[PDB]
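Undergrad:
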Amino acid sequence: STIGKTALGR
Amino acid sequence: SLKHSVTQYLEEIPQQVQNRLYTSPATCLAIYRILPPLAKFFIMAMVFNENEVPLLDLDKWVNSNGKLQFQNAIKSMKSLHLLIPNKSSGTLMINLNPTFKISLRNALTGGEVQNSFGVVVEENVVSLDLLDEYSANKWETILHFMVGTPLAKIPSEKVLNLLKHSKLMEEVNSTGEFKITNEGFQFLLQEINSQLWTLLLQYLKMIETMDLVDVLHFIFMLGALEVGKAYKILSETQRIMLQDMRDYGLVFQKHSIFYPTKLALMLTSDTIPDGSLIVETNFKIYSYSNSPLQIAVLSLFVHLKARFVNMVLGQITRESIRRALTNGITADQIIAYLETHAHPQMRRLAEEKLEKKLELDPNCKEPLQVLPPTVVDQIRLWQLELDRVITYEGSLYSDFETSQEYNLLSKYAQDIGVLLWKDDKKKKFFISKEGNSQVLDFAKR
Amino acid sequence: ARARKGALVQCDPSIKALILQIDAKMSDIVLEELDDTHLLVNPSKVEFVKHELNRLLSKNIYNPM
Amino acid sequence: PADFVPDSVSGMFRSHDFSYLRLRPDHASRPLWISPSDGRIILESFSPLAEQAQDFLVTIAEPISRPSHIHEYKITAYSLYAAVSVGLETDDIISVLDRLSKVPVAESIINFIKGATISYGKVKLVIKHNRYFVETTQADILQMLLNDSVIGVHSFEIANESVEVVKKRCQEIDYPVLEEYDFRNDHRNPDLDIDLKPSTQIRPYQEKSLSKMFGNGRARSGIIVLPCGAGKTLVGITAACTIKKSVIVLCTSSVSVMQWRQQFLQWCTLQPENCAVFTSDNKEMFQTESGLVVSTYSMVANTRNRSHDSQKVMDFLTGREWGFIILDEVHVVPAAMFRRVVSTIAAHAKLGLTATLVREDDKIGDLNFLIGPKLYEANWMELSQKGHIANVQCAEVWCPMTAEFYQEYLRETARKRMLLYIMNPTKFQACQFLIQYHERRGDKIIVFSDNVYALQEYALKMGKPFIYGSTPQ
Amino acid sequence: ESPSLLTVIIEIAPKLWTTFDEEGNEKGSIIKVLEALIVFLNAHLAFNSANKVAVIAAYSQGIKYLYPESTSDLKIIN
Ligand SMILES: Nc1ncnc2c1ncn2[C@@H]1O[C@H](COP(=O)(O)OP(=O)(O)O)[C@@H](O)[C@H]1O
Ligand code: BEF
């Protein structure tokens, strides 16, 4: 479950 | 954290007060059971001999493998001052406290005890019908007044005063109501044994001028008493203490003789399930529990829809979770309650998924989750929604005559840990309101 | 070196637009702009803006009934 | 609710506290909970007799939600109307309900079942030579039907166009109508000799669905709901094969017309001679005594502009009295003019086949009197674990829009707002990365996009084929 | 760490103990052993509140369970 990671893109 | 909590409180007590505390055999016996198993072994060896043993000898008993446990045991005993290290003749001799040694000796050998364990009136009462009902209801009432559910008979001022000033159930006059806090939910989560000590430990700190040892003396021997028996009446401070004890549902009085209850015995570290509920993908809760206390605690973060005699059925909703989050309950705590109050069926299906997961690929062994991961993700995501905006109060600095001055002022703020944000291009930095004076003070200096 | 009372608001680029848009209609909301992810706002308006932001953000979140 | 002390937490339940009743010692075995007021049913799927009541409950109570462990069902008037049709009386329901309910069936629930379970079975609608007769087995009904302000052994005619009105009137009045076809004793209508070839296999869930439709031996009119890919095509084929009469299939697409015919030819033994497809390409109609017509609702629902080529087909369809009609994707039949095909086309039995039986408007319930009640519904999870349908790892990816685009988002109007956030750069990265990752894994990827402009933009840059309304067949 | 069960198998018999007294200069040494056992069992009970105690006496003509007593009183202790 990936809720604590950073965002996606760039 | 039961033995840690009781032990830690004892350590903070001054040694001068501890010596008087060990006067009664009853409290010494209770304190003896709190030390680690290795500490008890050494204490039992030293109680029955009126001699001096060098320190190294006790070390010889411990095997090489268990050497680590020796350090913890000796440290715990020394902190309580039960063990007195005496150095003479070039050797560090070890001896036991004379008061503690005598206190333990009397209890084991049945010596003069000065009625520390109490007396028997031979006037017993039915434990199941009266003692269990009275304490259960009295402890039930205080819990309901803490979880916020309406209840007719509010608790007395004594316990009410203790709850407020403590971290439990923060109250505000302007709001005119009482609500649970982050520690309050943890207090509910903690088992009955730890639940009782938290209130008692807070009360011990609340009392002022009532002697600290006397209150500790009464509490320890209370557990020594056996439920369903009479006990005639004690110190003057212990009298008002005994009446206050009734407020917490630990002792029952008709109006000369006091009867301990199940909670009283449980105090001294005594050794489908009710409350189990089903959490599924549809955010529907089916708690197989029949008790107002369980229902009340569930409603803190569950939108109840109906109730049957056998169980209560409800639904998790965004509104319900936000309500608990606003009060101060953390999401990690909520999942802990869900996990620790799971239905046996959920574990089996989760294990079946694990078994199939191992069958396909046994190289991965992740910690099994009783309830579906989707509920965990949504609950935590809602917590992130409430933490969407983060704001700090303080002041801003700008228009620095020289870059060196800006760096010097900013560097000091970082050193004292009061610098929040800074930008070199704008030569600006924001500091917390708490450390605003410190930064300003350094600016003058 | 003037202590301009304000709330140090840290926000993601998406939220940053909301505060700018909120400040557009209500000029008094935002005192000054710090950076892309940082802002300084009127301390009094902090209570109002937070509730106001929730109402706007509440719309894009569905409610079962 | 007599002499029950409310609990301190009863306030949290706003009139929903159903603890007034008591529980029998046999609660460990009875797998049904019943709400005395709302009619809700909570079913345990991990207790004995779960499979015993899994089929009985579905017949009487429609499912609101069937998650992993705790199944939720609700009893409604429409649901009971479906149950009472298949040889069910109040006495049987009450006896079984008490035998399975942990909590006693309240008088309110008892009253509800009594009212709606007694009306069924006193009025029948028959069709003869394209003439609709509202036949009743008793003469007492004439004083109730002929005197109705809407209408206009005893049998009286009724207008074909008025069928859509009288059927609603039947629901409003005490007696609702049932459409039962006695194909065994029907000799006037020419028969079609077709049987499933030996290579065919009938799956158990389909077998249950067919049984619910042929329970009493007379073909019923209703709806069969099965999950996508369950094999509804074979269910229709089996129904057509067993009836052995003139049949027709309606589908709301052009490519699907070939699919149904292709499945029809391979599964059953119908010769190509008796099958005719009525689409925009070819309109020839079979001249043999009996056959099949696999058309689309657009061709049959048109009323204003029909050309000579299609007009002859329309006369052929209307003149003859058909026996069966199959409505694939029946979740669009109650539309304004798609529902006209049901009345215009004469048939003694009507079958609905839709994976999803829901729609945005409140016209979904209208299917009861357009085509009949709901016969059988198959749980998606049960078929998935049985290997009949695939498992899906549904995921929702959150793609935060970039600051520059979001700046125009606030100002832009709603109409153009859709186009603004549909082509946000972040979604392009997610779609491209996901497509490449699954392409490496060796997965056949389908990308859906309602917005045509966005669909073109994705394909032109990514150099992948795209399909949209303007493309030819 | 965990409760422990202590089962004391005391072999009491006048023939065994009488010879001990005759060879030595101690009369009624069984009391000293019996007194020590009482304190020893109490010491074991003091280690933890959840531990149990069992005593079995092997007398001349058989064995008997001293504690716990069978379901089938003088004052000797305060
Ligand atoms: N009993 C069966 N035997 C063989 N194939 C079947 C069976 N039931 C379904 N299928 C297959 O399932 C797929 C979907 O069938 P279809 O009738 O189009 O499903 P639906 O209309 O319910 O979406 C096809 O590949 C079809 O051949
Ligand atoms: F995909 Be099917 F036609 F329900």
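Chains as they are written, first to last, in the deposited numbering: chain W, 297 to 306; chain 2, 5 to 213, 216 to 239, 242 to 263, 267 to 282, 334 to 507; chain 5, 2 to 66; chain 7, 101 to 252, 313 to 633; chain 4, 21 to 92, 106 to 111.
Even for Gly, the Cβ is constructed at its ideal location relative to N, Cα and C.
With a threshold of 8 Å between beta carbons, is residue 18 (chain 5) in contact with chain 7?
TA: Translated into positions along the third sequence, residue 18 (chain 5) becomes position 17. Residue 18 (chain 5) counts as touching chain 7.
Undergrad: Taking 7 Å as the line, does the beta carbon of residue 396 (chain 7) fall inside it for any heavy atom of ligand 2?
TA: As a first step, residue 396 (chain 7) must be located in the fourth sequence, where it is residue number 236. No, the beta carbon of residue 396 (chain 7) sits no closer than 7 Å to any heavy atom of ligand 2.
Undergrad: Give the DSSP-derived three-state secondary structure of residue 215 (chain 7) in the structure shown.
TA: Here residue 215 (chain 7) refers to the residue found at position 115 of the fourth sequence. Of the three classes helix, strand and coil, the one that applies to residue 215 (chain 7) here is helix, per DSSP.
Undergrad: Quick one: Cα of residue 365 (chain 2) to Cα of residue 612 (chain 7), how far?
TA: Indexing the second sequence from 1 puts residue 365 (chain 2) at position 303. Indexing the fourth sequence from 1 puts residue 612 (chain 7) at position 452. Answer to the nearest angstrom: the Cα atoms are 42 Å apart.
Undergrad: Can you tell me which of the three DSSP states residue 338 (chain 7) falls into?
TA: Your numbering for residue 338 (chain 7) matches position 178 in the fourth sequence. Correct three-state label for residue 338 (chain 7): strand.
Undergrad: Relative to the C-alpha of residue 210 (chain 7), which residue among 538 (chain 7), 422 (chain 7), 175 (chain 7) is closest?
TA: Here residue 210 (chain 7) corresponds to residue number 110 of the fourth sequence, with the count starting at 1. Selected option, being the one with the closest Cα: 175 (chain 7).
Undergrad: Would you mind working out which of 45 (chain 5), 9 (chain 5), 61 (chain 5), 60 (chain 5) sits nearest residue 36 (chain 5), comparing C-alpha positions?
TA: By one-based count along the third sequence, residue 36 (chain 5) stands at place 35. When only C-alpha atoms are compared, the closest one is 9 (chain 5).
Undergrad: Between residue 300 (chain W) and chain 7, is any beta-carbon pair separated by less than 8 Å?
TA: Within the first sequence, numbered from 1, the residue matching residue 300 (chain W) stands at position 4. So no, residue 300 (chain W) is outside the interface.
Undergrad: Give me the residue from 23 (chain 4), 28 (chain 4), 65 (chain 4), 56 (chain 4) with the minimum Cα distance to residue 83 (chain 4).
TA: Locating residue 83 (chain 4) in the fifth sequence gives position 63, counting from the first residue. When each option's Cα is compared against that of residue 83 (chain 4), the closest is 28 (chain 4).
Undergrad: Of all the CB atoms in chain 2, is at least one closer than 8 Å to the CB of residue 88 (chain 4)?
TA: Counting from one through the fifth sequence, the residue named residue 88 (chain 4) turns up at place 68. Output row for residue 88 (chain 4): interface = no.
Undergrad: From the DSSP output, in three-state form, read off residue 575 (chain 7) for me.
TA: Start at 1 with the first residue of the fourth sequence, and residue 575 (chain 7) comes out as number 415. Three-state DSSP puts residue 575 (chain 7) in a helix.
Undergrad: Please classify residue 169 (chain 7): is it buried, with 16 or more other beta-carbons within 10 angstroms of its beta-carbon, or exposed?
TA: Position 69 of the fourth sequence, counted from the first residue, corresponds to residue 169 (chain 7). With 16 or more Cβ atoms within 10 Å of its Cβ, residue 169 (chain 7) is classed as buried.
Undergrad: Do the CB positions of residue 580 (chain 7) and residue 568 (chain 7) come within less than 8 Å of each other?
TA: The sequence position of residue 580 (chain 7) within the fourth sequence is 420, counting from 1. The sequence position of residue 568 (chain 7) within the fourth sequence is 408, counting from 1. Against a cut-off of 8 Å, the Cβ pair of residue 568 (chain 7) and residue 580 (chain 7) comes out as a contact.
Undergrad: Does the beta-carbon distance from residue 490 (chain 7) to residue 531 (chain 7) come in below 8 Å?
TA: Here residue 490 (chain 7) is taken as the residue at index 330 of the fourth sequence, counted from 1. Here residue 531 (chain 7) is taken as the residue at index 371 of the fourth sequence, counted from 1. Yes; because the gap between Cβ atoms is below 8 Å, this pair is in contact.
Undergrad: Give me the Cβ distance between residue 133 (chain 7) and residue 196 (chain 7), rounded to the nearest whole Å; I'm assuming they're in contact under 8 Å.
TA: Taking the fourth sequence and counting its residues from 1, one reaches residue 133 (chain 7) at position 33. Taking the fourth sequence and counting its residues from 1, one reaches residue 196 (chain 7) at position 96. Contact doesn't hold; Cβ gap of about 15 Å is too wide.
Undergrad: Mind checking whether residue 461 (chain 7) and residue 484 (chain 7) have CB atoms under 8 Å apart?
TA: In the fourth sequence, the residue the question calls residue 461 (chain 7) occupies position 301. In the fourth sequence, the residue the question calls residue 484 (chain 7) occupies position 324. Cβ distance not < 8 Å, so residue 461 (chain 7) and residue 484 (chain 7) don't count as in contact.
Undergrad: Does the segment 52-63 of chain 2 come into contact with the segment 15-35 of chain 2, if we say contact requires no fewer than three beta-carbon pairs (one atom in each stretch) closer than 8 Å?
TA: Verdict: no, contact absent.
Undergrad: Verify the contact flag: residue 60 (chain 5), CB atom, against every heavy atom of ligand 2, threshold strictly below 7 Å.
TA: Taking the first residue of the third sequence as 1, we reach residue 60 (chain 5) at position 59. Checking the Cβ of residue 60 (chain 5) against ligand 2 gives no.
Undergrad: Assign residue 413 (chain 2) to one of two classes, buried (16 or more other C-beta atoms within 10 Å of its C-beta) or exposed (fewer than that).
TA: The residue labelled residue 413 (chain 2) in the question sits at position 351 within the second sequence. Exposed, by the Cβ-count rule.
Undergrad: Helix, strand or coil, according to DSSP, for residue 449 (chain 7) in the structure here?
TA: As a working note, residue 449 (chain 7) is residue 289 in the fourth sequence. It is coil, neither helix nor strand.
Undergrad: Compile a chain-ordered list of the residues in the segment 382-414 of chain 2 whose CB is closer than 8 Å to at least one CB of chain W.
TA: Residues passing the 8 Å Cβ filter: none.
Undergrad: Just to make sure I have the definition right: I need the residues of chain 7 whose C-beta is within less than 9 Å of the C-beta of residue 59 (chain 5). Which are they?
TA: Taking the first residue of the third sequence as position 1, residue 59 (chain 5) is located at position 58. Those do not exist, as residue 59 (chain 5) stays about 16 Å from chain 7 at its closest Cβ, beyond 9 Å.
Undergrad: Which same chain residues, not among the five before or five after residue 438 (chain 2), have their C-beta less than 8 Å away from its C-beta?
TA: By 1-based counting over the second sequence, the position of residue 438 (chain 2) is 376. Here the set comprises 397, 431.
Undergrad: For residue 483 (chain 2), list the residues DSSP reports as bridge partners.
TA: Here residue 483 (chain 2) corresponds to residue number 421 of the second sequence, with the count starting at 1. In the DSSP output, where bridge partners are listed per residue, residue 483 (chain 2) has 492 (chain 2).
Undergrad: So, residue 32 (chain 2) versus residue 83 (chain 2), is the Cβ gap smaller than 8 Å?
TA: On the second sequence, position 28 is the one that residue 32 (chain 2) refers to. On the second sequence, position 79 is the one that residue 83 (chain 2) refers to. Going by C-beta atoms, residue 32 (chain 2) is not nearer than 8 Å to residue 83 (chain 2).
Undergrad: Is residue 363 (chain 7) close to ligand 1? I mean its beta-carbon at under 7 Å from any heavy atom of the ligand.
TA: Indexing the fourth sequence from 1 puts residue 363 (chain 7) at position 203. Residue 363 (chain 7): yes, Cβ under 7 Å from ligand 1.
Undergrad: Cβ of residue 451 (chain 2) less than 8 Å from any chain 5 Cβ?
TA: Translated into positions along the second sequence, residue 451 (chain 2) becomes position 389. Residue 451 (chain 2) counts as touching chain 5.
Undergrad: Shorter than 7 Å, the distance from the beta carbon of residue 400 (chain 7) to the closest heavy atom of ligand 1, or not?
TA: Here residue 400 (chain 7) corresponds to residue number 240 of the fourth sequence, with the count starting at 1. For ligand 1, not one heavy atom lies less than 7 Å from the Cβ of residue 400 (chain 7).
Undergrad: Classify residue 11 (chain 5) as helix, strand or coil using the three-state DSSP reduction.
TA: Locating residue 11 (chain 5) in the third sequence gives position 10, counting from the first residue. The answer is strand: DSSP assigns residue 11 (chain 5) an E or B state.
Undergrad: What's the C-alpha gap between residue 417 (chain 2) and residue 78 (chain 4)?
TA: Here the question's residue 417 (chain 2) lines up with position 355 in the second sequence. Here the question's residue 78 (chain 4) lines up with position 58 in the fifth sequence. One C-alpha to the other measures close to 53 Å.
Undergrad: Please compile the residues from chain 4 whose C-beta is within a distance smaller than 9 Å of the C-beta of residue 510 (chain 2).
TA: Since the first residue of chain 2 shown is 5 and the last is 507, residue 510 (chain 2) is not available in this structure.
Undergrad: Taking just the CA atoms, how far does residue 26 (chain 4) sit from residue 65 (chain 4)?
TA: Start at 1 with the first residue of the fifth sequence, and residue 65 (chain 4) comes out as number 45. Start at 1 with the first residue of the fifth sequence, and residue 26 (chain 4) comes out as number 6. Approximately 9 Å between the Cα atoms of the pair.
Undergrad: Output, in sequence order along the chain, the residues in the segment 578-612 of chain 7 whose CB is closer than 7 Å to any CB in chain W.
TA: Within the segment 578-612 of chain 7, the qualifying residues are 586, 589, 590.
Undergrad: Taking Cβ to Cβ, would you say residue 34 (chain 5) is nearer than 8 Å to residue 40 (chain 5)?
TA: Stepping through the third sequence from its first residue, residue 34 (chain 5) is reached at position 33. Stepping through the third sequence from its first residue, residue 40 (chain 5) is reached at position 39. Cβ atoms of residue 34 (chain 5) and residue 40 (chain 5): closer than 8 Å.
Undergrad: Taking contact to mean at least 3 C-beta pairs separated by less than 8 Å, is the segment 178-191 of chain 2 in contact with the segment 216-225 of chain 2?
TA: No: fewer than three Cβ pairs fall under 8 Å.
Undergrad: When we look at the beta-carbon of residue 216 (chain 2) and count the other beta-carbons within 10 Å, is it buried (16 or more) or exposed?
TA: Start at 1 with the first residue of the second sequence, and residue 216 (chain 2) comes out as number 210. Exposed is the call here.
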